[PDB]
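The structure appears below as structure tokens.
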There are 2 protein chains.
Amino acid sequence: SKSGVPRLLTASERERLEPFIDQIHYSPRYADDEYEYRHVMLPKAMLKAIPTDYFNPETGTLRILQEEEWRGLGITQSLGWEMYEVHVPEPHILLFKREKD
Amino acid sequence: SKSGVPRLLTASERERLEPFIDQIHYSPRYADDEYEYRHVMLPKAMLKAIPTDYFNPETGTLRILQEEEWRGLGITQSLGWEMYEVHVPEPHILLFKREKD
């Protein structure tokens, strides 16, 4: 399997994101025992302006970006945050659950 | 949006699943505060024998099956289990987390 290499945006690429930056939404933080979480919602129009190599072709979503990469997109947050993704099981794996009594 | 209707397998459809039934793997159960969980792994060859209307075309995975539907596929478990799916965020939503100190 071959995967994309992390890469910083060029001046022209970054300039293209300007009209969307002020429209980025940051959710309030929520947490569990050992982690804090939050999600960032980009305007849908912004995705068409992001370089294709920033996307995972298999998932259709953005690949896990390193800090320099997401900050480079115009996403601003405090320190410590790391991007993560939900992992969906392959089609041959089924998930079940039942209430405990 | 239009979605698939639950539907039981016909005699011929069910007969086609026979060579795979004994190869289905059931994971041990794990749990949290209010739920028990487990995952079932079907042999990959079995997916090609399952009716196309049992799949979600948007996800590529099986749609949430009702009890009669999954038991009808040859999946045998005790009582209480309900099929569930992981929900992946749309491409414009990014997830972040950081360790609490």
Side-chain angles (χ1 to χ4, degrees), chain A residues 1-95 97, chain B residues 1-5 32 35 37 39 47 52-65 82-101:
Chain A
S1 38
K2 312 197 186 320
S3 48
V5 179
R7 192 268 299 191
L8 293 178
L9 300 180
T10 62
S12 50
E13 290 176 328
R14 181 56 180 76
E15 207 65 29
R16 285 185 260 274
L17 301 179
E18 284 291 276
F20 313 104
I21 306 305
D22 60 299
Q23 299 297 304
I24 294 177
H25 167 81
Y26 300 86
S27 77
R29 308 172 310 164
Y30 38 100
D32 58 25
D33 316 279
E34 54 174 296
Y35 288 96
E36 277 196 84
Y37 307 83
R38 83 114 54 78
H39 51 271
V40 176
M41 296 183 35
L42 313 175
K44 297 175 182 176
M46 182 173 169
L47 298 177
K48 301 173 176 59
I50 292 175
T52 47
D53 60 303
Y54 263 49
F55 290 89
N56 179 331
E58 297 189 304
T59 56
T61 61
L62 285 175
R63 56 181 182 76
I64 299 297
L65 305 170
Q66 299 183 174
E67 189 173 20
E68 273 297 274
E69 300 187 282
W70 57 257
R71 292 195 181 270
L73 285 181
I75 302 173
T76 304
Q77 306 189 88
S78 44
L79 311 181
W81 303 101
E82 288 186 39
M83 192 177 163
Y84 78 94
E85 63 186 347
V86 183
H87 296 299
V88 159
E90 295 177 77
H92 69 290
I93 303 174
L94 313 190
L95 311 176
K97 69 182 176 181
Chain B
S1 38
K2 312 197 186 320
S3 48
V5 179
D32 58 25
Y35 288 96
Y37 307 83
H39 51 271
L47 298 177
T52 47
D53 60 303
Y54 263 49
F55 290 89
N56 179 331
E58 297 189 304
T59 56
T61 61
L62 285 175
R63 56 181 182 76
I64 299 297
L65 305 170
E82 288 186 39
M83 192 177 163
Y84 78 94
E85 63 186 347
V86 183
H87 296 299
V88 159
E90 295 177 77
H92 69 290
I93 303 174
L94 313 190
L95 311 176
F96 293 91
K97 69 182 176 181
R98 66 171 174 190
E99 307 198 75
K100 297 175 65 176
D101 260 295

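These values consider heavy atoms only, across backbone and side chains, with no hydrogens, waters or symmetry-generated copies. Residue numbers begin at 1 in each chain, while the letters A, B, ... track the order of the sequences.
A heavy-atom distance below 4.5 Å is found between the side chains of A/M46 and A/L17. Contact of the A/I24 side chain with the A/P43 side chain is registered, since non-hydrogen atoms from C-beta on lie closer than 4.5 Å. Looking at heavy atoms from C-beta onward, B/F96 lies out of side-chain contact with A/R29 at the 4.5 angstrom threshold.
Atom CD of A/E68 is separated from atom CG of A/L9 by 10.5 Å, given to the nearest 0.5 angstrom. Taking CZ from A/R16 and OG1 from A/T10, the interatomic distance works out to 6.5 Å, rounded to the nearest 0.5 Å. A/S3 contributes atom OG, which lies 12.0 Å from atom CD1 of A/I64 (distance to the nearest 0.5 angstrom). The CG atom of A/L95 sits 8.0 Å away from the NE2 atom of B/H39 when rounded to the nearest 0.5 Å. The CE atom of A/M41 lies 8.0 Å from the CD atom of B/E90; values are rounded to the nearest 0.5 Å. To the nearest 0.5 Å, atoms CG (A/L73) and CZ (A/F20) are separated by 12.0 Å.
Atom NZ of B/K100 is surrounded by more than 12 heavy atoms from other residues, nucleotides or ligands within 6.0 Å.
Every residue two or more places apart in sequence or in another chain that forms a side chain to side chain donor-acceptor pair (under 3.5 Å) with A/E18 is listed here: A/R14. For B/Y35, there are no side chain to side chain donor-acceptor pair (under 3.5 Å) partners at least two apart in sequence or on another chain. Under the side chain to side chain donor-acceptor pair (under 3.5 Å) criterion, A/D32 pairs with A/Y37, sequence neighbours left out.
For the salt bridge (charged side-chain N to carboxylate O under 4.0 Å, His left out) condition, no pair includes a residue of residues 19-28 of chain A, sequence neighbours left out.
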Report all side-chain donor-acceptor pairs from residues 76-85 of chain A shorter than 3.5 Å, counting only partners two or more places apart or in another chain.
{"residue": "A/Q77", "atom": "OE1", "partner": "A/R38", "partner atom": "NH1", "Å": "2.9"}
{"residue": "A/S78", "atom": "OG", "partner": "A/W81", "partner atom": "NE1", "Å": "3.1"}
{"residue": "A/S78", "atom": "OG", "partner": "B/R98", "partner atom": "NH1", "Å": "3.3"}

Below 3.5 Å, can you tabulate the donor-acceptor pairs from side chains in residues 54-62 of chain B to any protein atom, sequence neighbours excluded?
{"residue": "B/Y54", "atom": "OH", "partner": "B/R7", "partner atom": "O", "Å": "2.6"}
{"residue": "B/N56", "atom": "OD1", "partner": "B/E58", "partner atom": "N", "Å": "2.8"}
{"residue": "B/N56", "atom": "OD1", "partner": "B/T59", "partner atom": "N", "Å": "3.3"}
{"residue": "B/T59", "atom": "OG1", "partner": "B/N56", "partner atom": "O", "Å": "3.4"}
{"residue": "B/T59", "atom": "OG1", "partner": "B/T61", "partner atom": "N", "Å": "3.4"}
{"residue": "B/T59", "atom": "OG1", "partner": "B/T61", "partner atom": "OG1", "Å": "2.9"}

* Asked: So A/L65 and A/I75, side-chain contact (heavy atoms from CB on, under 4.5 Å) or not? Walk me through it.
  -> CA-CA 11 Å; A/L65 305 170; A/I75 302 173; 5.7 Å; no
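Scanning all heavy atoms of the two residues, the minimum distance from A/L8 to A/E13 falls at O-OE1, 4.4 Å.
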